[PDB]
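Trainee: Chains as they are written, first to last, in the deposited numbering: chain B, 1 to 139; chain E, 2 to 58, 63 to 101; chain A, 165 to 330. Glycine included, each C-beta is placed from N, C-alpha and C at the ideal position. This is the structure, below, for whatever I ask next.
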Amino acid sequence: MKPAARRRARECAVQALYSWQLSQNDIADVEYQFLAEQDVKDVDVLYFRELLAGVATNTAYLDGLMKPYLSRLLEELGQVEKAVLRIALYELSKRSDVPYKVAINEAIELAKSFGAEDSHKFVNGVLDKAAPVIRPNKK
Amino acid sequence: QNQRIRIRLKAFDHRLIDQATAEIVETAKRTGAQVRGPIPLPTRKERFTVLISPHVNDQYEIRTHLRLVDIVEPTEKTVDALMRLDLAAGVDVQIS
Amino acid sequence: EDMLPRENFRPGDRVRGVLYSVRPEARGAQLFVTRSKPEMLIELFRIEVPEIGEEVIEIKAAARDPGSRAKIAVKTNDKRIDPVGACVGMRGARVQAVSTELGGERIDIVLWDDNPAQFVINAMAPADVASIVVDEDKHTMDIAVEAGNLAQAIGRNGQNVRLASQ
Numbered sequence: 001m002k003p004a005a006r007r008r009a010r011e012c013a014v015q016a017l018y019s020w021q022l023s024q025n026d027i028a029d030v031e032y033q034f035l036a037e038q039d040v041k042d043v044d045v046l047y048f049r050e051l052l053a054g055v056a057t058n059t060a061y062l063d064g065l066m067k068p069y070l071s072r073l074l075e076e077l078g079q080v081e082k083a084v085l086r087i088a089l090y091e092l093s094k095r096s097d098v099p100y101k102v103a104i105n106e107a108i109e110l111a112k113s114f115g116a117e118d119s120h121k122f123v124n125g126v127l128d129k130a131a132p133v134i135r136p137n138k139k
Numbered sequence: 002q003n004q005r006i007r008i009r010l011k012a013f014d015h016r017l018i019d020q021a022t023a024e025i026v027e028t029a030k031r032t033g034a035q036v037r038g039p040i041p042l043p044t045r046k047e048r049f050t051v052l053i054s055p056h057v058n063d064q065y066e067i068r069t070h071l072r073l074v075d076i077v078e079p080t081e082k083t084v085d086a087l088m089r090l091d092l093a094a095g096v097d098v099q100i101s
Numbered sequence: 165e166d167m168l169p170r171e172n173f174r175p176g177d178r179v180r181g182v183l184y185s186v187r188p189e190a191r192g193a194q195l196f197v198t199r200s201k202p203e204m205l206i207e208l209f210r211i212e213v214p215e216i217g218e219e220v221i222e223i224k225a226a227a228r229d230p231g232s233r234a235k236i237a238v239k240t241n242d243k244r245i246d247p248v249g250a251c252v253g254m255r256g257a258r259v260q261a262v263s264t265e266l267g268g269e270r271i272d273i274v275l276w277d278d279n280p281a282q283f284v285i286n287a288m289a290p291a292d293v294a295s296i297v298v299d300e301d302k303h304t305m306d307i308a309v310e311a312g313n314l315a316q317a318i319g320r321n322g323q324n325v326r327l328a329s330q
């Protein structure tokens, strides 16, 4: 139902937000470098801007959501898992054009292809315990 | 100062290489310049066999990731810290 | 004597070592560096595994015979992390790199225990221990081995179990 440009924009947004949260710089300069120096010919511009703006304005919101779900972890919290959970919970909080099962399926694909071979079940557990709370309608 | 600086970064374990990446970001930010990256790669599995006895009549997937560091304006203290640091055994810090 | 017995380097080789001794009043050699002392192994397990420095895994005892055989004891504080399974790492990929540094030296990463007899039972990791009679007044720990597992437990010259003593 959706072309590969949305998937490419989502993966480039995962890469850009991981680079922002690990390099710890300004979001505007890193965003301008990532849009003027990387492959953006198959990247949805408005999807990228709205997703990064929502993550940048809901840093503390998604951290407060993640804070009750950082107890039973054997190791400590990684950064790739945090980026996948932030993008997955913003795609399940305010995004109306993206469906519920479609966003969960893309989040599971991102967690299996980027997080780990063992952290994608943690991502799916946090999503299954948070997305009916955030979206009881499951839209 | 050979200002066009490329770094590819190999990862078997993501935690150790994220630790080394944070160390690279720290040793680049404490010298004056600012660092960019990583912009990571998805799961690139390996084809590695084991030394096991055959059955008369382990692992197959090795989750490896790549990270990218671009430096365009270095200092002498930055390349000195890149030539006076230490690392963990078995990982690659190859400045391409 | 501080190096390995087969190290012959060349001009232009970044070699790594540990400062261990100093004599500033003496006019001669004043900064002694080693590569074959077990404090180098402590520094290797500190640089390699992060959670040992993050106060999760406690390395208390270690012993080596360089190039051939070594033992080291770890102990977790967080029960959520296996100490031996993480200090060995995934597929032993960490300590084998440490075996790159020591040249094939088999490093037994075992679990520290407060009971010394159960610690020696845990310490013979490529071996098997049946029973240990501890008499510290006579300074003896009589260790029973199973039949057939004598050569893999003793090894060369009884050294590694002596390293287990160390």
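Any beta carbon from chain A within less than 8 Å of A12 of chain E's own beta carbon?
Mentor: As a first step, residue 12 of chain E is located in the second sequence; it is residue number 11 there, counting from the start. It does not; no Cβ of chain A falls within 8 Å.
Trainee: Can the beta-carbon of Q4 of chain E be found less than 8 Å from the beta-carbon of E78 of chain E?
Mentor: For the purposes of this step, residue 4 of chain E is taken as the residue at position 3 of the second sequence. For the purposes of this step, residue 78 of chain E is taken as the residue at position 73 of the second sequence. Yes; because the gap between Cβ atoms is below 8 Å, this pair is in contact.
Trainee: Which chain B residues are close to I245 of chain A, counting only those with a beta carbon under 8 Å from its beta carbon?
Mentor: Walking along the third sequence from the start, residue 245 of chain A turns up at place 81. Residues of chain B passing the Cβ test: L74, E75.
Trainee: Note down, in chain order, each residue of its chain lying with its Cβ closer than 7 Å to the Cβ of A294 of chain A, except the 5 sequence neighbours on either side.
Mentor: As a working note, residue 294 of chain A is residue 130 in the third sequence. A308, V309, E310, listed in sequence order.
Trainee: Given a limit of 7 Å on CB to CB distance, which residues of the segment 84–97 of chain E reach chain A?
Mentor: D91, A93, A94, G95
Trainee: Does the segment 86–102 of chain B come close enough to the segment 47–55 of chain B that 3 or more CB-CB pairs lie under 8 Å?
Mentor: yes
Trainee: Which of the residues in the segment 19–39 of chain E, read from start to end, lie with their CB under 8 Å from any CB of chain A?
Mentor: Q20
Trainee: Quickly, what does DSSP pair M254 of chain A with across the bridge? List them, please.
Mentor: In the third sequence, the residue the question calls residue 254 of chain A occupies position 90. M254 of chain A is not bridged to any residue.
Trainee: So, using beta-carbon positions, are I18 of chain E and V96 of chain E closer together than 8 Å?
Mentor: Along the second sequence, read from residue 1 onward, the residue named residue 18 of chain E stands at position 17. Along the second sequence, read from residue 1 onward, the residue named residue 96 of chain E stands at position 91. Cβ distance < 8 Å, so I18 of chain E and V96 of chain E count as in contact.
Trainee: Compare the C-beta of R180 of chain A against all C-beta atoms of chain E and say whether one is closer than 8 Å.
Mentor: Within the third sequence, the letter at position 16 stands for residue 180 of chain A. True, the Cβ-Cβ gap to chain E drops below 8 Å.
Trainee: Let's see if you can read the secondary structure: which residues bound the beta strand (DSSP E) around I100 of chain E?
Mentor: To locate residue 100 of chain E, count along the second sequence from 1; it is residue 95. Where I100 of chain E is concerned, there is no enclosing beta strand (DSSP E), given that its DSSP letter is neither H nor E.
Trainee: Using 8 Å as the threshold, is the C-beta distance between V274 of chain A and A257 of chain A below it?
Mentor: By one-based count along the third sequence, residue 274 of chain A stands at place 110. By one-based count along the third sequence, residue 257 of chain A stands at place 93. No, these two residues do not count as a Cβ contact at 8 Å.
Trainee: Helix, strand or coil for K224 of chain A, going by three-state DSSP, please let me know.
Mentor: Reading the third sequence from its first residue, position 60 is the one you call residue 224 of chain A. It is a strand residue.
Trainee: Would you mind working out which of B:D44, B:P136, B:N137, B:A130 sits nearest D63 of chain B, comparing C-alpha positions?
Mentor: Here residue 63 of chain B corresponds to residue number 63 of the first sequence, with the count starting at 1. When only C-alpha atoms are compared, the closest one is B:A130.
Trainee: Is the shortest distance between the beta-carbon of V45 of chain B and the beta-carbons of chain E less than 8 Å?
Mentor: Here residue 45 of chain B refers to the residue found at position 45 when the first sequence is read from its first residue. No, because no Cβ of chain E sits closer than 8 Å to the Cβ of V45 of chain B.
Trainee: Indicate whether at least one CB of chain A lies closer than 8 Å to the CB of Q64 of chain E.
Mentor: Taking the first residue of the second sequence as 1, we reach residue 64 of chain E at position 59. True, the Cβ-Cβ gap to chain A drops below 8 Å.
Trainee: Taking a Cβ distance cut-off of 7 Å, strictly less, list which residues of the segment 192–217 of chain A are near chain E, in chain order.
Mentor: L208, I211, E212, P214
Trainee: Just curious, the alpha helix (DSSP H) that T50 of chain E is in, first and last residue?
Mentor: Within the second sequence, numbered from 1, the residue matching residue 50 of chain E stands at position 49. Per DSSP, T50 of chain E lies in no alpha helix (DSSP H) and is assigned neither H nor E.
Trainee: Using CA atoms only, rank isn't needed, just tell me which of B:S19, B:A36, B:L46 is closest to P41 of chain E.
Mentor: In the second sequence, residue 41 of chain E corresponds to position 40, counting from 1. Checked all of B:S19, B:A36, B:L46; the closest Cα to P41 of chain E is B:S19.
Trainee: Identify the residues that DSSP records as bridge partners of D306 of chain A: which are they?
Mentor: Counted from its first residue, the third sequence places residue 306 of chain A at position 142. Answer is A:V297, bridged to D306 of chain A.
Trainee: Determine whether the Cβ of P43 of chain E lies closer than 8 Å to any Cβ atom of chain B.
Mentor: Against the second sequence, residue 43 of chain E aligns to sequence position 42. So yes, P43 of chain E belongs to the interface.
Trainee: Which residues does DSSP list as the beta-bridge partners of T240 of chain A?
Mentor: For the purposes of this step, residue 240 of chain A is taken as residue 76 along the third sequence, with counting starting at 1. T240 of chain A is bridged to A:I221.
Trainee: Which residues in chain E sit within 9 Å of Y18 of chain B, going by Cβ to Cβ distance?
Mentor: Along the first sequence, one-based indexing puts residue 18 of chain B at 18. Within 9 Å Cβ-Cβ: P39, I40, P41.
Trainee: If you follow the beta strand (DSSP E) that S185 of chain A is in, where does it begin and where does it stop?
Mentor: Sequence index remark: in the third sequence, residue 185 of chain A carries index 21 (1-based). For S185 of chain A, the enclosing beta strand (DSSP E) covers residues 182–186.
Trainee: Of the residues E:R48, E:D91, E:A12, E:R37, which one's Cα is nearest the Cα of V30 of chain B?
Mentor: Counted from its first residue, the first sequence places residue 30 of chain B at position 30. Checked all of E:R48, E:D91, E:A12, E:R37; the closest Cα to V30 of chain B is E:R37.
Trainee: List the residues that DSSP assigns as beta-bridge partners of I76 of chain E.
Mentor: Stepping through the second sequence from its first residue, residue 76 of chain E is reached at position 71. BP columns for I76 of chain E point to E:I6.
Trainee: Which class does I271 of chain A belong to by DSSP, given the choice of helix, strand or coil?
Mentor: Start at 1 with the first residue of the third sequence, and residue 271 of chain A comes out as number 107. Reduced to three states, the DSSP call for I271 of chain A is strand.
Trainee: What does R16 of chain E reach in chain B if we use C-beta pairs closer than 8 Å?
Mentor: Reading the second sequence from its first residue, position 15 is the one you call residue 16 of chain E. Contact of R16 of chain E with chain B by beta-carbon distance below 8 Å involves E75, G78.
Trainee: For the beta strand (DSSP E) holding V213 of chain A, just list the boundary residues, first then last.
Mentor: In the third sequence, the residue the question calls residue 213 of chain A occupies position 49. Unbroken run through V213 of chain A: none, as it is neither H nor E.
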